[PDB]
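Chemist: mmCIF, C-alpha atoms, saved as final.cif, coming up:
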```
data_my_file
loop_
_atom_site.label_atom_id
_atom_site.label_comp_id
_atom_site.auth_asym_id
_atom_site.auth_seq_id
_atom_site.Cartn_x
_atom_site.Cartn_y
_atom_site.Cartn_z
CA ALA A 106 9.24 2.87 23.40
CA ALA A 107 6.59 5.12 24.93
CA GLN A 108 5.75 8.69 23.97
CA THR A 109 3.70 10.18 26.80
CA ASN A 110 1.11 12.84 25.96
CA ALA A 111 1.21 11.91 22.29
CA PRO A 112 -1.42 13.20 19.85
CA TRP A 113 -4.52 11.08 20.27
CA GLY A 114 -4.05 9.59 16.81
CA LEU A 115 -0.66 8.11 17.66
CA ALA A 116 -1.98 6.73 20.94
CA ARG A 117 -4.96 5.23 19.08
CA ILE A 118 -2.86 3.32 16.54
CA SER A 119 -1.03 1.50 19.37
CA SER A 120 -4.12 0.92 21.53
CA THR A 121 -6.92 -1.62 21.66
CA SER A 122 -9.02 1.15 23.28
CA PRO A 123 -9.78 4.81 22.60
CA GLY A 124 -9.14 7.46 25.19
CA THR A 125 -5.44 6.97 25.97
CA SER A 126 -2.60 9.39 25.37
CA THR A 127 0.63 7.34 25.22
CA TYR A 128 2.04 6.16 21.89
CA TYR A 129 3.77 2.76 22.15
CA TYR A 130 6.01 1.61 19.31
CA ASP A 131 9.09 -0.47 18.61
CA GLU A 132 12.14 1.78 18.78
CA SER A 133 13.25 0.74 15.27
CA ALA A 134 10.66 3.40 14.40
CA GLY A 135 10.80 2.92 10.63
CA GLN A 136 14.60 3.31 10.46
CA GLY A 137 15.76 2.23 7.03
CA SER A 138 12.42 2.80 5.32
CA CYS A 139 11.38 5.71 3.11
CA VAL A 140 8.05 7.48 2.78
CA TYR A 141 7.30 9.77 -0.15
CA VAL A 142 4.87 12.52 0.77
CA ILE A 143 3.23 13.49 -2.52
CA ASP A 144 1.49 16.71 -1.55
CA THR A 145 2.22 20.46 -1.30
CA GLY A 146 5.87 19.87 -0.32
CA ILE A 147 7.60 19.55 3.04
CA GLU A 148 9.18 22.27 5.17
CA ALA A 149 12.26 20.11 5.55
CA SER A 150 13.88 22.66 7.87
CA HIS A 151 11.25 22.04 10.58
CA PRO A 152 13.11 20.89 13.74
CA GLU A 153 10.53 18.12 14.11
CA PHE A 154 11.99 16.39 11.04
CA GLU A 155 15.57 16.33 12.40
CA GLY A 156 17.23 16.45 9.01
CA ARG A 157 15.27 13.37 7.90
CA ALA A 158 12.91 15.27 5.54
CA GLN A 159 13.99 16.47 2.11
CA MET A 160 12.35 17.80 -1.02
CA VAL A 161 13.23 15.62 -4.02
CA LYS A 162 10.88 17.00 -6.70
CA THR A 163 8.58 19.91 -7.48
CA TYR A 164 6.59 20.87 -10.58
CA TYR A 165 6.27 24.53 -9.59
CA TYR A 166 8.57 27.55 -9.28
CA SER A 167 9.46 26.46 -5.73
CA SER A 168 9.75 23.19 -3.90
CA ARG A 169 8.87 24.71 -0.52
CA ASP A 170 5.54 24.05 1.16
CA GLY A 171 3.74 27.38 0.95
CA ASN A 172 0.52 25.69 2.10
CA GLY A 173 1.25 23.54 5.17
CA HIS A 174 -0.79 20.49 4.18
CA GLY A 175 2.21 18.52 2.90
CA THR A 176 4.23 19.55 5.96
CA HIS A 177 1.39 18.40 8.22
CA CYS A 178 1.12 15.00 6.52
CA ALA A 179 4.89 14.50 6.54
CA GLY A 180 4.80 15.32 10.24
CA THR A 181 2.21 12.62 10.91
CA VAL A 182 4.25 10.12 8.88
CA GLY A 183 7.57 10.69 10.60
CA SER A 184 8.15 13.73 12.78
CA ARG A 185 9.73 13.10 16.17
CA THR A 186 6.70 14.29 18.16
CA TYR A 187 3.74 13.87 15.78
CA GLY A 188 4.93 11.01 13.57
CA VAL A 189 4.14 7.32 13.50
CA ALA A 190 7.54 6.27 12.12
CA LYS A 191 9.89 8.62 13.94
CA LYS A 192 13.05 7.38 12.19
CA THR A 193 11.88 6.99 8.60
CA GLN A 194 13.14 9.07 5.70
CA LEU A 195 10.69 11.61 4.26
CA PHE A 196 10.82 12.56 0.57
CA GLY A 197 8.68 15.46 -0.60
CA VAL A 198 7.18 15.42 -4.10
CA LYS A 199 5.39 18.74 -4.60
CA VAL A 200 2.60 17.92 -7.05
CA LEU A 201 0.19 20.39 -5.42
CA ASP A 202 0.60 24.15 -5.65
CA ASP A 203 0.53 26.27 -2.52
CA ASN A 204 -3.27 26.51 -2.80
CA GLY A 205 -3.33 22.72 -2.40
CA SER A 206 -4.50 22.08 -5.96
CA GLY A 207 -2.78 20.21 -8.76
CA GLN A 208 -3.59 19.00 -12.23
CA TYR A 209 -4.05 15.25 -12.55
CA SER A 210 -1.26 15.13 -15.14
CA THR A 211 1.15 16.70 -12.64
CA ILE A 212 -0.15 14.33 -9.97
CA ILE A 213 0.32 11.41 -12.39
CA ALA A 214 3.83 12.62 -13.22
CA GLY A 215 4.65 12.78 -9.52
CA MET A 216 3.56 9.18 -9.01
CA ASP A 217 5.67 7.93 -11.91
CA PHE A 218 8.47 10.08 -10.52
CA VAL A 219 8.36 8.17 -7.22
CA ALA A 220 8.21 4.80 -9.00
CA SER A 221 11.55 5.59 -10.62
CA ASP A 222 13.04 7.86 -7.95
CA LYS A 223 12.98 5.13 -5.31
CA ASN A 224 15.78 3.52 -7.33
CA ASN A 225 17.87 6.60 -6.40
CA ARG A 226 17.25 6.30 -2.65
CA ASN A 227 18.53 4.02 0.08
CA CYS A 228 15.38 2.39 1.49
CA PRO A 229 16.50 -1.12 2.47
CA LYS A 230 13.38 -1.64 4.62
CA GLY A 231 11.04 -0.56 1.84
CA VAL A 232 9.27 2.35 0.24
CA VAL A 233 5.94 3.95 1.05
CA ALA A 234 4.01 6.71 -0.72
CA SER A 235 1.42 8.81 1.13
CA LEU A 236 -1.07 10.54 -1.17
CA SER A 237 -3.21 12.92 0.90
CA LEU A 238 -4.87 14.17 -2.26
CA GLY A 239 -7.72 13.37 -4.58
CA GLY A 240 -10.42 14.49 -6.99
CA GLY A 241 -13.13 13.00 -9.17
CA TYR A 242 -12.78 9.53 -10.65
CA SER A 243 -9.95 9.26 -13.17
CA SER A 244 -8.91 5.94 -14.67
CA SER A 245 -5.60 7.63 -15.54
CA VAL A 246 -4.98 8.70 -11.94
CA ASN A 247 -6.06 5.24 -10.75
CA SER A 248 -3.67 3.57 -13.20
CA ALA A 249 -0.81 5.85 -12.10
CA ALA A 250 -1.40 4.82 -8.48
CA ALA A 251 -1.68 1.16 -9.54
CA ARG A 252 1.65 1.44 -11.38
CA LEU A 253 3.24 3.03 -8.32
CA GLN A 254 1.94 0.16 -6.17
CA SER A 255 3.05 -2.37 -8.79
CA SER A 256 6.55 -0.85 -8.83
CA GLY A 257 7.08 -2.07 -5.26
CA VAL A 258 5.80 1.00 -3.37
CA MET A 259 3.22 0.87 -0.55
CA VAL A 260 0.70 3.40 -1.79
CA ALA A 261 -1.73 4.88 0.78
CA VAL A 262 -4.35 7.32 -0.53
CA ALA A 263 -7.01 9.35 1.24
CA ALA A 264 -10.53 8.01 0.78
CA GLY A 265 -11.73 11.60 0.35
CA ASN A 266 -13.68 14.01 2.56
CA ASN A 267 -17.06 13.98 0.78
CA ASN A 268 -18.98 11.66 3.15
CA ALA A 269 -19.75 9.62 0.04
CA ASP A 270 -18.81 6.32 -1.51
CA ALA A 271 -15.16 6.59 -2.53
CA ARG A 272 -15.85 4.69 -5.79
CA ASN A 273 -16.33 8.09 -7.48
CA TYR A 274 -12.94 9.48 -6.45
CA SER A 275 -9.37 8.96 -7.61
CA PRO A 276 -6.98 7.64 -6.63
CA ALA A 277 -9.28 6.46 -3.77
CA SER A 278 -11.19 4.10 -6.08
CA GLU A 279 -8.07 2.29 -7.30
CA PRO A 280 -8.47 -1.15 -5.65
CA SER A 281 -4.78 -2.18 -5.68
CA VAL A 282 -3.64 0.66 -3.38
CA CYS A 283 -4.58 1.25 0.25
CA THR A 284 -7.59 3.54 0.57
CA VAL A 285 -7.89 5.16 3.98
CA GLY A 286 -10.92 6.66 5.70
CA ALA A 287 -10.88 8.84 8.80
CA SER A 288 -11.99 8.24 12.38
CA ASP A 289 -12.24 10.55 15.39
CA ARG A 290 -10.97 10.14 18.95
CA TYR A 291 -14.24 8.55 20.13
CA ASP A 292 -13.91 5.78 17.51
CA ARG A 293 -16.58 7.32 15.29
CA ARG A 294 -16.22 7.52 11.55
CA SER A 295 -15.26 11.12 10.90
CA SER A 296 -18.39 12.89 9.69
CA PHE A 297 -16.60 13.91 6.48
CA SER A 298 -15.00 10.52 5.78
CA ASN A 299 -15.78 8.78 2.52
CA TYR A 300 -16.71 5.10 2.80
CA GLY A 301 -17.55 2.13 0.62
CA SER A 302 -16.20 -1.23 -0.41
CA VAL A 303 -13.02 0.31 -1.86
CA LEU A 304 -11.87 1.43 1.60
CA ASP A 305 -9.26 -0.82 3.15
CA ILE A 306 -8.73 0.71 6.58
CA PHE A 307 -9.46 3.65 8.86
CA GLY A 308 -6.90 5.82 10.58
CA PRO A 309 -7.16 8.79 12.94
CA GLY A 310 -8.44 11.70 10.90
CA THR A 311 -10.27 14.21 13.11
CA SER A 312 -8.31 16.97 14.89
CA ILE A 313 -4.83 15.63 14.14
CA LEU A 314 -1.99 17.65 15.64
CA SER A 315 1.15 17.72 13.46
CA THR A 316 3.85 19.99 12.03
CA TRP A 317 2.94 23.13 10.13
CA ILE A 318 4.88 25.60 8.05
CA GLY A 319 6.80 28.37 9.73
CA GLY A 320 8.18 25.78 12.13
CA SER A 321 4.82 25.69 13.91
CA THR A 322 2.16 23.03 14.66
CA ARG A 323 -1.59 22.81 14.23
CA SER A 324 -4.54 20.43 14.41
CA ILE A 325 -6.58 19.83 11.24
CA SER A 326 -8.99 17.16 10.04
CA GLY A 327 -9.41 15.07 6.93
CA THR A 328 -8.95 11.61 5.41
CA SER A 329 -5.76 13.26 4.21
CA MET A 330 -4.63 13.17 7.83
CA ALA A 331 -5.64 9.55 8.34
CA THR A 332 -3.55 8.49 5.33
CA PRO A 333 -0.11 9.49 6.76
CA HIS A 334 -0.93 7.41 9.87
CA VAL A 335 -1.36 4.33 7.68
CA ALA A 336 1.61 5.35 5.52
CA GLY A 337 3.71 5.84 8.63
CA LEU A 338 2.42 2.56 10.07
CA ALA A 339 3.42 0.71 6.92
CA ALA A 340 6.98 2.08 6.99
CA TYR A 341 7.06 1.08 10.67
CA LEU A 342 5.79 -2.43 9.91
CA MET A 343 8.11 -2.83 6.91
CA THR A 344 11.14 -1.85 8.98
CA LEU A 345 10.06 -4.48 11.50
CA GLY A 346 9.92 -7.08 8.72
CA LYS A 347 6.29 -7.94 9.39
CA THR A 348 5.19 -7.21 5.82
CA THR A 349 6.21 -5.96 2.39
CA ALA A 350 5.04 -3.14 0.15
CA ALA A 351 2.79 -5.44 -1.90
CA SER A 352 1.13 -6.91 1.21
CA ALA A 353 1.28 -4.02 3.69
CA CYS A 354 -2.32 -2.84 3.18
CA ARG A 355 -3.62 -6.41 3.44
CA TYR A 356 -1.46 -6.98 6.52
CA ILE A 357 -2.60 -3.75 8.17
CA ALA A 358 -6.21 -4.78 7.54
CA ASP A 359 -5.58 -8.27 8.93
CA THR A 360 -4.05 -6.86 12.16
CA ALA A 361 -6.39 -3.89 12.59
CA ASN A 362 -8.75 -3.22 15.49
CA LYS A 363 -11.89 -5.04 14.32
CA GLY A 364 -15.41 -3.68 14.61
CA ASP A 365 -14.54 -0.83 16.97
CA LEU A 366 -15.77 2.09 14.86
CA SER A 367 -19.33 3.44 14.89
CA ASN A 368 -21.31 5.02 12.05
CA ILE A 369 -19.55 2.76 9.55
CA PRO A 370 -22.00 2.20 6.66
CA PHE A 371 -22.98 -1.37 5.82
CA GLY A 372 -20.53 -2.85 3.32
CA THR A 373 -17.59 -0.75 4.49
CA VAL A 374 -14.82 -2.39 6.51
CA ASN A 375 -14.83 -1.74 10.26
CA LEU A 376 -11.05 -1.78 10.64
CA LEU A 377 -8.87 0.73 12.49
CA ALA A 378 -5.11 0.86 11.91
CA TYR A 379 -3.24 -0.74 14.79
CA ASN A 380 0.50 -1.33 15.09
CA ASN A 381 -0.25 -4.17 17.50
CA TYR A 382 2.88 -3.37 19.50
CA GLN A 383 3.32 -5.21 22.78
CA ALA A 384 5.63 -3.25 25.08
#
```
Rewrite the structure of this file - the entire thing - as structure tokens.
Modeler:
Amino acid sequence: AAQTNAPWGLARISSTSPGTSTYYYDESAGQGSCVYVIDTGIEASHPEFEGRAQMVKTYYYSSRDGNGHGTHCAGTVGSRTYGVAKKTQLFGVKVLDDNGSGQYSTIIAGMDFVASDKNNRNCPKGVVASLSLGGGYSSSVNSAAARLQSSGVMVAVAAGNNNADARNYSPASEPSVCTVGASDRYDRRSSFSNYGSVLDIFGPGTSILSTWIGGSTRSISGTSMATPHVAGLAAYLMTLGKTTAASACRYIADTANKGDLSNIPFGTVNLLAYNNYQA
């Protein structure tokens, strides 16, 4: 399949080269997989989600996304125009209030929620969790993400937007999950992107166009917007049978565009997510 005039990030993840604008992907499109978006919620009613997005859990008075960040990430995972996996199922777990903040205990409860809730969903092609969130190092947050990974969920977490080593951030410093940095359209490390040996992969993170609340769209930047590309890519790859939840991050790193990013600090992987689709 070919989506002309796609957001640059979608075109990048199916290209060996920057600077193109068509997204190429197998039409299976993550059908039969599920991605949990653990964030500020999802505006499920957005026409871009086509009835495929639903809120399954909130820890606050409402389950609606009063922020837009969760809606944006969910749109990059699987919206029809801005999504990597245009046929996946999207499950919203609102662990972040409408200011985008959340206590670690609520975040930890949301991760354990997903690790049990996936047994209530039909995800024959596999389960992914996208965590476009993070704070200071927490062994308890790291262990919650490690449990979620261990439960049979692909966990993808933002590396963080501090332009620092991600070892001091959680869940980015949990080694068993898939820690994602951000790159821009010129194949530069995003200036804000964390780095370090804990990173597994880079995805498009600078000026990412996706869904926004109020049924709108907007372009925003962050490792939190590179993570739903990798999360969406994993659901896509799992639906294609090329990998499993336990090995998705390793697989994505094996098949990534190698050594194509600039301003990647020594000791950090130079790997850019790539669906490796041959039309």
Chemist: Please write as number ranges by chain the list of polymer residues whose atoms come within 10 Å of (5.1, 28.9, 10.1), counting all atoms listed in the file and keeping to the coordinates of the file.
Modeler: A: 148, 151, 171-173, 316-323
Chemist: If you count all atoms listed in the file, which residues fall within 8 Å of residue A:142, apart from same-chain ones fewer than 6 positions away, as a PyMOL selection string?
Modeler: chain A and resi 175+178-179+195-198+234-236
Chemist: In terms of the shortest atom-to-atom distance over only C-alpha atoms, which of A:276, A:112, A:364, A:183 is closest to residue A:233?
Modeler: A:183
Chemist: Here's the selection I'm unsure about, the PyMOL selection byres ((chain A and resi 203) around 10); applied to the file above, which residues does it give, as a list in words?
Modeler: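 So the PyMOL selection byres ((chain A and resi 203) around 10), applied here, picks out residues 144, 145, 146, 165, 167, 168, 169, 170, 171, 172, 173, 174, 175, 199, 200, 201, 202, 204, 205, 206 and 207 of chain A.
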Chemist: Ranking A:123, A:370, A:265, A:241 by minimum distance to residue A:290 and counting only C-alpha atoms, which one comes first?
Modeler: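 Of A:123, A:370, A:265, A:241, the one nearest residue A:290, counting only C-alpha atoms, is A:123.
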Chemist: Could you jot down the atom CA of residue A:346 to atom CA of residue A:118 separation for me, Å, one decimal place?
Modeler: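 Calculated distance between atom CA of residue A:346 and atom CA of residue A:118 is 18.2 Å.
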Chemist: Could you list, as a PyMOL selection string, every residue within 8 Å of residue A:333, counting only C-alpha atoms and ignoring same-chain residues fewer than 3 positions away?
Modeler: chain A and resi 178-179+181-182+235+237+261+329-330+336-337
Chemist: If you apply the PyMOL selection byres ((chain A and resi 349) around 12) to this file, what residues do you get, as a VMD selection string?
Modeler: chain A and resid 138 229 to 233 254 257 to 260 339 to 348 350 to 357
Chemist: Just say which residues the PyMOL selection byres ((chain A and resi 286) around 10) picks in this file, as an MDAnalysis selection string.
Modeler: chainID A and resid 262:266 268 271 277 283:285 287:288 294:295 297:301 304:310 327:332 374 376:377
Chemist: Go ahead and compute the interatomic distance for atom CA of residue A:176 and atom CA of residue A:156, in Å to one decimal.
Modeler: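 Atom-to-atom, atom CA of residue A:176 and atom CA of residue A:156 are spaced 13.7 Å apart.
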Chemist: Emit a file covering stretch 173-297 of chain A of the preceding structure with C-alpha atoms, as a short mmCIF file (atom, residue, chain, number, x, y, z; two decimals), in the first residue's frame.
Modeler:
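Result written to decode_30.cif:
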```
data_model
loop_
_atom_site.label_atom_id
_atom_site.label_comp_id
_atom_site.auth_asym_id
_atom_site.auth_seq_id
_atom_site.Cartn_x
_atom_site.Cartn_y
_atom_site.Cartn_z
CA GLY A 173 -4.18 16.07 23.41
CA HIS A 174 -0.87 14.31 23.98
CA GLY A 175 -2.42 10.85 24.31
CA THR A 176 -4.64 11.52 21.29
CA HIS A 177 -1.59 12.59 19.30
CA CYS A 178 0.38 9.47 20.21
CA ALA A 179 -2.57 7.18 19.51
CA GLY A 180 -2.87 8.91 16.14
CA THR A 181 0.76 8.16 15.28
CA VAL A 182 0.29 4.53 16.36
CA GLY A 183 -2.82 3.81 14.33
CA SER A 184 -4.86 6.61 12.83
CA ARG A 185 -5.84 6.22 9.19
CA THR A 186 -3.84 9.25 8.00
CA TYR A 187 -1.13 9.74 10.65
CA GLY A 188 -0.69 6.18 11.95
CA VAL A 189 1.91 3.53 11.30
CA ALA A 190 -0.47 0.59 11.88
CA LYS A 191 -3.67 1.85 10.30
CA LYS A 192 -5.75 -1.22 11.23
CA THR A 193 -4.59 -1.93 14.77
CA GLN A 194 -6.79 -1.63 17.84
CA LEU A 195 -6.05 1.29 20.17
CA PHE A 196 -6.70 1.01 23.91
CA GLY A 197 -6.40 4.15 26.02
CA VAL A 198 -5.14 3.91 29.61
CA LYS A 199 -5.35 7.41 31.11
CA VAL A 200 -2.58 7.46 33.70
CA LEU A 201 -1.78 11.14 33.05
CA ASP A 202 -4.09 13.96 34.05
CA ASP A 203 -5.09 16.60 31.53
CA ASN A 204 -1.98 18.61 32.42
CA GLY A 205 0.05 15.63 31.20
CA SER A 206 1.33 14.72 34.66
CA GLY A 207 0.80 11.56 36.68
CA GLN A 208 2.08 10.03 39.88
CA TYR A 209 4.41 7.08 39.41
CA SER A 210 2.06 4.89 41.45
CA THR A 211 -0.78 5.66 39.03
CA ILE A 212 1.60 5.08 36.12
CA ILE A 213 2.69 1.79 37.73
CA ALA A 214 -0.95 0.81 38.27
CA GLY A 215 -1.68 1.53 34.61
CA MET A 216 1.13 -0.74 33.48
CA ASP A 217 -0.06 -3.62 35.67
CA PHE A 218 -3.55 -2.87 34.38
CA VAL A 219 -2.42 -3.49 30.80
CA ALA A 220 -0.56 -6.67 31.78
CA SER A 221 -3.84 -8.13 33.01
CA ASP A 222 -6.26 -6.27 30.73
CA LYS A 223 -4.75 -7.77 27.58
CA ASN A 224 -6.33 -11.05 28.73
CA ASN A 225 -9.71 -9.29 28.21
CA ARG A 226 -8.98 -8.22 24.63
CA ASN A 227 -8.84 -10.00 21.29
CA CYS A 228 -5.29 -9.39 20.05
CA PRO A 229 -4.40 -12.57 18.15
CA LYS A 230 -1.43 -10.87 16.44
CA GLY A 231 -0.04 -9.56 19.71
CA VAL A 232 -0.07 -6.71 22.17
CA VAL A 233 1.96 -3.52 22.27
CA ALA A 234 2.14 -0.76 24.87
CA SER A 235 3.28 2.75 23.96
CA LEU A 236 4.48 4.80 26.94
CA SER A 237 5.09 8.39 25.81
CA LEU A 238 5.82 9.39 29.38
CA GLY A 239 8.64 9.52 31.87
CA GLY A 240 10.32 11.14 34.86
CA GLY A 241 13.39 10.67 37.03
CA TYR A 242 14.87 7.24 37.62
CA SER A 243 12.57 4.92 39.56
CA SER A 244 13.39 1.26 40.10
CA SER A 245 9.66 0.77 40.80
CA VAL A 246 8.64 2.32 37.49
CA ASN A 247 11.37 0.33 35.74
CA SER A 248 10.16 -2.90 37.35
CA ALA A 249 6.55 -2.16 36.37
CA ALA A 250 7.64 -1.73 32.75
CA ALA A 251 9.77 -4.89 32.98
CA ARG A 252 6.75 -6.81 34.31
CA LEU A 253 4.61 -5.47 31.48
CA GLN A 254 7.24 -6.60 28.97
CA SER A 255 7.58 -9.95 30.76
CA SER A 256 3.80 -10.45 30.61
CA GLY A 257 4.03 -10.75 26.81
CA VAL A 258 3.55 -7.08 25.87
CA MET A 259 5.86 -5.14 23.52
CA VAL A 260 6.68 -2.13 25.66
CA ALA A 261 8.01 0.99 23.89
CA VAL A 262 8.97 3.96 26.10
CA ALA A 263 10.20 7.44 25.26
CA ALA A 264 13.89 7.96 25.93
CA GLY A 265 13.05 11.40 27.34
CA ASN A 266 13.49 14.95 26.05
CA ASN A 267 16.36 16.13 28.27
CA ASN A 268 19.24 15.81 25.76
CA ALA A 269 20.92 13.67 28.42
CA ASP A 270 21.82 10.07 29.02
CA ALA A 271 18.55 8.19 29.51
CA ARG A 272 20.08 6.09 32.32
CA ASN A 273 18.69 8.67 34.79
CA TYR A 274 15.09 8.41 33.59
CA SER A 275 12.30 5.89 34.04
CA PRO A 276 10.96 3.88 32.45
CA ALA A 277 13.58 4.83 29.77
CA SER A 278 16.41 3.20 31.76
CA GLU A 279 14.66 -0.17 32.06
CA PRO A 280 16.82 -2.35 29.75
CA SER A 281 14.21 -5.05 29.00
CA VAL A 282 11.79 -2.65 27.24
CA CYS A 283 12.33 -0.72 24.02
CA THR A 284 13.71 2.76 24.69
CA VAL A 285 13.18 5.16 21.82
CA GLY A 286 15.00 8.37 20.96
CA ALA A 287 13.87 10.99 18.46
CA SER A 288 15.18 12.02 15.04
CA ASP A 289 14.23 14.85 12.71
CA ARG A 290 13.41 14.86 8.99
CA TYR A 291 17.04 15.49 8.00
CA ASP A 292 18.17 12.34 9.84
CA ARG A 293 19.62 14.33 12.73
CA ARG A 294 19.15 13.31 16.33
CA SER A 295 16.45 15.62 17.61
CA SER A 296 18.19 18.31 19.65
CA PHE A 297 16.08 17.39 22.70
#
```
